[PDB]
Amino acid sequence: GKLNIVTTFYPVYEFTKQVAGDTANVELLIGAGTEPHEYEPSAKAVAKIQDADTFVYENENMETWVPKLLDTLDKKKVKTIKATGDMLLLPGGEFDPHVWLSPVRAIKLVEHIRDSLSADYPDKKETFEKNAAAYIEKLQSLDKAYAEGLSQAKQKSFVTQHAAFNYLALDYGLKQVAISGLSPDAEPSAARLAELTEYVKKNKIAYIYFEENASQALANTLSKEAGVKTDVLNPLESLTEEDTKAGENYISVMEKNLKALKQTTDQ
Ligand SMILES: [Zn+2]
């Protein structure tokens, strides 16, 4: 019947479902409201993976538990796919795994998933290739929107609370500045607030981007004390249940990210 495929977190799920389409029941292991950077599967989740037909993960530098799991899998039926393949990676903040925030790299991940599924299930190669080709067409339009909207950036540097955008920066000619010690929910101390205010002023920072909407308390404090606005650059590591309700997907969230980023890069 239908292939049973287990994927780790949202972009791996989305790219795999786009390629597999109706040939497969694609399960999302790390769902909405859980952090993929900290997740590790329980024994029952591990058993689910081992008896799947296919398991897709993004990269061992993201799902750092996958290397230990791979050693058990030769006595198990599941065939595995590393979505990033042999893509070379940037150094970590020990390599940076966040390649899917660059549309041109997302195309490469889709192509690799297509080719791996095609090699594992030759009788479905026609379907994998036609599903992948239609989605890659959509990713190419996203890539063009990014290239057109960011290539003439007057302001090349952008400040983010989650450092997921180094490949976006590399591939589209920008500079990610990561800031730690802020959470979308935090109320920073007076001393922390003063550090941010000095940085914001001496570098003319217009926005701080968060992985989800800053709390109304944090946004008001940053405006009144630091003179900086806030917005969202979503690393697409897990959709909120809100976003899942509204039908957001990789491309729509990437379009929202572009719009938010241009508030900085267009000056
Ligand atoms: Zn991340």
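About the thresholds
- Residues numbered from 1 in each chain as written, not as in the entry; some residues may be left out.
- Heavy atoms only, no water.
- UniProt positions renumbered as here; feature names shortened; annotations may be inferred.
- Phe/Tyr/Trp six-rings, centres within 6.5 Å; stacked < 30°, edge-to-face > 60°.
- 1 Å grid on protein atoms, 1.4 Å probe; cavity = no way out; pocket = protein on both sides within 12 Å on 5 of 7 lines; lining within 4 Å.
- Points joined across faces, edges and corners; volume = space filled by probe spheres on them.
- Helix = DSSP H or I, 4+ residues; strand = E, 2+ residues; numbered from the N terminus.
- Nonpolar A, V, L, I, M, F, W, Y, C, P; charged D, E, K, R; others polar.
- Domains from an automatic or database assignment.
- Donors = N, O, S within 2.8 Å, 3.2 Å for Na, K, Ca; no water.
- Tetrahedral: all angles 85-135°; square planar, octahedral: opposite > 155°, others 65-115°.
- Buried < 20%, exposed > 50% of the residue type's maximum accessible area, 1.4 Å probe, protein only.
- Pairing = 2+ DSSP bridges.
- Axes fitted to C-alpha atoms, helices over the stretch in contact; angles between N-to-C directions.
- Contact = heavy atoms within 4.5 Å.
- Polar contact = N/O pair within 3.5 Å; in protein donor to acceptor, adjacent residues only side chain to side chain.

Its PDB record attributes the structure to X-ray crystallography, giving the resolution as 2.030 Å.

By the naming in the PDB entry, the chain goes by Zinc-binding lipoprotein AdcA and is assigned to Streptococcus pneumoniae. The title field of the PDB entry reads "Crystal structure of the Zn(II)-bound ZnuA-like domain of Streptococcus pneumoniae AdcA". For the record of the chain, the UniProt heading Function (literature references left out) holds the text "Part of the ATP-binding cassette (ABC) transport system AdcABC involved in zinc import. Binds zinc with high affinity and specificity and delivers it to the membrane permease for translocation into the cytoplasm. Required for transformability."

Caption draft 1: Quick peek at the packing of aromatic side chains. If you walk through the whole model with that rule in mind, you get 9 aromatic pairs. Taken together, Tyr39, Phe55, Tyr57 and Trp65 form an aromatic cluster joined through their ring pairs.

Caption draft 2: Broad picture of the layout of surface pockets. When its volume is computed, the largest pocket comes out at roughly 530 Å³. For the largest pocket, the lining is made up of 23 residues, of which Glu211, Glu212, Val232, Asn234 and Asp243 are closest to its centre. The leading source of residues in the lining of the largest pocket is helix α10 (residues 250-265), at 6 residues. Class assignment of the residues belonging to the lining of the largest pocket gives a composition of 6 nonpolar, 8 polar and 9 charged. If you count residues domain by domain, the lining of the largest pocket takes at least three from each of domain 1 (1-153) and domain 2 (154-267).

Caption draft 3: Representation of the coordination of the zinc ion. Only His37 (NE2), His98 (NE2), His162 (NE2) and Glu237 (OE) from the protein reach the zinc ion as donors, at distances of 1.9 to 2.1 Å. Every donor counted, the 4 donor atoms about the zinc ion form angles of 94 to 119 degrees at the centre, which fits tetrahedral coordination. Note on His37: relative accessible area 29%, which makes it partly exposed. Residue class for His162 comes out buried when judged on its relative accessible area of 10%.

Caption draft 4: Main features of the sheet that holds strand β5 (residues 157-160). The strand order across the open sheet formed by 4 strands is β6-β5-β7-β8, and the pairing between neighbours is parallel. Pairing within the sheet leaves two strands with one partner each, and these edge strands are β6 (175-178) and β8 (229-232). The average undirected angle you get between the axes of adjacent strands in this sheet is 35 degrees. Two strands pair when backbone bridges link them, and β5 and β6 are joined in this way by 4 bridges, in the parallel orientation.

Caption draft 5: Spotlight on the UniProt feature "binding site: Zn(2+)" in the chain. Here the UniProt-annotated "binding site: Zn(2+)" positions come out as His37, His98, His162 and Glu237. Filtering the just-named annotated residues for those lining the largest pocket gives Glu237. When you line up the elements, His98 lands in the loop between β4 (79-82) and α4 (103-120). Of the residues examined, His98 reaches a relative accessible area of 6% and is grouped as buried. Not counting residues within four places of it along the chain, the set of residues in contact with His98 comprises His37, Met62, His162, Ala163, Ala164, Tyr167 and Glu237. Within the structure, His98 has its side chain in polar contact with the side chain of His37 (distance 3.2 Å). Take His162: it is sitting in the loop between β5 and α6 (166-172). With residues up to four places along the chain from it excluded, the contact list for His162 reads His37, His98, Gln176, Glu211, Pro235 and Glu237.

Caption draft 6: Quick look at empty space enclosed by the protein. Estimates place the volume of the largest cavity at around 40 Å³. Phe9, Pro11, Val12, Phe15, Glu58, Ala83, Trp100, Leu109 and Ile113 together form the lining of the largest cavity. If you list the elements that add at least two residues to the lining of the largest cavity, you get α1 (10-20) and α4. Residue classes in the lining of the largest cavity are distributed as 8 nonpolar, no polar and 1 charged.

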